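Each chain, written out:
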Amino acid sequence: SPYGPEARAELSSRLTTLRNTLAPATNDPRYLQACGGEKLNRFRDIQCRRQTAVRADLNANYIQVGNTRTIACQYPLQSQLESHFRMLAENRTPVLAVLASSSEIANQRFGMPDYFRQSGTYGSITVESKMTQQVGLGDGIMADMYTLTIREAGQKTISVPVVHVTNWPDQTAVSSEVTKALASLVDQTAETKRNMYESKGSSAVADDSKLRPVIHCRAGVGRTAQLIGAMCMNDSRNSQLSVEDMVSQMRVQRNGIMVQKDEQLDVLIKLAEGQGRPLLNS
Ligand code: VO4
């Protein structure tokens, strides 16, 4: 009854209205606009909320869902990589979760540079990739872990842990069990990296805009939103926060497409009901 079809239908009705009203107008004041002709948005219909935008020239947003703070972004375009690495280093990123599959990255029709599995040089930034462990998440889903070392003359060298989910296909929802296992692995990776900074007395530990997990897939609204939703529900400080509020916050802070497919919302609904967490605001 609280997770019955009538309550599910009400939740869908509310989120669809919000999705429809957040669709971007041409030169929409709510959304970050491209500058001097350079391409900003990987997909023209999937834009970057201006108020929460992390950098002028990235499609990337600060996300706060109840108490959980992350960054969600699109897969960076080739032109955006140097700026993308700057954001990663400046945020002292405690984990980068890449949810785009090995098959999508390999398809050169998609323009998805292989920026975390190869070493490379992007303007003044030098990046070293090292492959570390591989972790099965269940149901055949696999995670490859990397460390990206970001170097730049005159800058503090920053190392970033990477969780790469290699085979979660676009436009699908992995299972609730897999989703919980992925969220646990991403949170634990982030906690280990935060503990390191804290053990060195790092002043970045006290800045809320910093030490945020960075999560992207191809567009940054589908597999990304499912993972953020699960990470939110795994934070004990977010007691009583409803699915409606959780998805509404993601949409008003990024775009109206957050939680792209019904199947992805269905996994958030399963995870909520397993917690006795409300679907709707009262
Ligand atoms: O690359 V995603 O379509 O799951 O936003």
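The structure reproduced in this document is the subject of the present report. (Residues numbered from 1 in each chain as written, not as in the entry; some residues may be left out. Heavy atoms only, no water. Residues with missing side-chain atoms left out of burial classes, pairs and counts.)

A separate point is the pairing of strand β1 (residues 60-65). Pairing of β1 with strand β2 (residues 68-73) involves six bridges; the strand directions are antiparallel. The residue of β2 that forms the bridge with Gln64 is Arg69. Between the end of β1 and the start of β2, which pair antiparallel, lie two residues, with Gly66 showing a positive phi angle near 55 degrees. (Pairing = 2+ DSSP bridges. Helix = DSSP H or I, 4+ residues; strand = E, 2+ residues; numbered from the N terminus.)

Right, let's talk about the pattern of salt bridges for a bit. Counted under the stated rule, the structure contains eleven salt bridges. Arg55 serves as the salt-bridge partner of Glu90, at 3.3 Å between the closest nitrogen and oxygen. Linking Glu90 in helix α2 (residues 81-90) with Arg55 in the loop between α1 (5-22) and β1, this pair joins segments that are 35 residues apart in sequence. Counted as one network, the salt bridges with shared partners bring together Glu10, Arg14 and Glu244. (Salt bridge = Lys/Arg side-chain N within 4 Å of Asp/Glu carboxyl O.)

Before going further, it helps to spend a moment on helix α5 (residues 223-233). The buried fraction of α5 amounts to eleven of the eleven residues, a majority that puts the element mostly inside the structure. Buried within α5 are the following residues: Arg223, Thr224, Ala225, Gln226, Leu227, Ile228, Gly229, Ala230, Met231, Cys232 and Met233. (Buried < 20%, exposed > 50% of the residue type's maximum accessible area, 1.4 Å probe, protein only.)

Neighbouring the ligand are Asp170, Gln171, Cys217, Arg218, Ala219, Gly220, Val221, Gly222, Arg223 and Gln260. Contact between the ligand and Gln171: an oxygen atom at 3.4 Å from a side-chain N or O atom of the residue. Note that an oxygen atom of the ligand is positioned 2.6 Å from one of the backbone N or O atoms of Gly222. A breakdown of the residues in the shell around the ligand according to their chemical character gives three nonpolar, four polar and three charged. (Near = heavy atom within 4 Å. Polar contact = N/O pair within 3.5 Å; in protein donor to acceptor, adjacent residues only side chain to side chain. Nonpolar A, V, L, I, M, F, W, Y, C, P; charged D, E, K, R; others polar.)

Read from one edge to the other, the open sheet built from eight strands follows the order β1-β2-β8-β3-β7-β6-β5-β4, with strand pairing classed as mixed. Looking at strand neighbours, the two that pair on one side only are β1 and β4 (120-122), the edges of this open sheet. Between one strand axis and the next, the sheet turns through 30 degrees on average, direction left out of account. As paired elements, strand β3 (residues 96-98) and strand β7 (residues 158-165) share three bridges and run parallel to each other. Across the sheet, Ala97 pairs through a bridge with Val163, a residue of β7. In the packing of helix α4 (residues 176-199) onto the sheet, the strands contacted are β3, β5 (125-138), β6 (141-152) and β7, and the crossing angle to β7 comes to about 175 degrees. Strands β1, β2, β3 and β8 (214-216) of the sheet are contacted by α5, whose axis makes an angle of about 175 degrees with β2. (Axes fitted to C-alpha atoms, helices over the stretch in contact; angles between N-to-C directions. Contact = heavy atoms within 4.5 Å.)

Our focus in this paragraph is the packing of aromatic side chains. Ring pairs (aromatic) are described by centroid distance and by the angle formed between their planes. This structure, assessed with the given rule, holds five aromatic pairs. Relative to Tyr115, the ring of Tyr75 has its centre 5.6 Å away and its plane inclined at 80 degrees; by these criteria the two rings are edge-to-face. You can see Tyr75 sitting in the loop between β2 and α2 and its partner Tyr115 sitting in the loop between α3 (102-106) and β4, a full 40 residues away along the chain. In this structure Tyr115 comes out as buried when scored by relative accessible area, which is 0%. On the basis of an interplanar angle of 75 degrees and a centroid distance of 6.0 Å, the ring pair of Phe116 and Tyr146 is categorised as edge-to-face. Of this pair, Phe116 sits in the loop between α3 and β4 while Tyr146 sits in strand β6, and the two are 30 residues apart along the sequence. Both residues of the pair, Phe116 and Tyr146, belong to the buried class. Linked through ring pairs, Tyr75, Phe85, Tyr115, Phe116, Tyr122 and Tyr146 together constitute an aromatic cluster. Between the NZ or CZ atom of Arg218 and the centre of the ring of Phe110, over which it lies, the distance is 3.9 Å. (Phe/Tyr/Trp six-rings, centres within 6.5 Å; stacked < 30°, edge-to-face > 60°. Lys NZ or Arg CZ within 6 Å of the ring centre and 35° of its normal.)

The next point concerns the pairing of β6. Direction of pairing for β5 relative to β6: antiparallel, over a ladder of eleven bridges. When the sheet's bridge partners are listed, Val135 is paired in β6 with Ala143. Where β6 meets β7, eight bridges bridge the pair, whose relative direction is antiparallel. The residue of β7 that forms the bridge with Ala143 is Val165.

Bringing unusual backbone geometry into the picture now. The phi angle at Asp139 is positive, at roughly 55 degrees, despite the residue not being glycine. Within the secondary structure layout, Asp139 lies in the loop between β5 and β6. For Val259, which is not a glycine, the phi torsion comes out positive at approximately 65 degrees. Assignment of secondary structure puts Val259 in the loop between α6 (243-253) and α7 (262-273). For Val259, a relative accessible area of 4% translates into the label buried.

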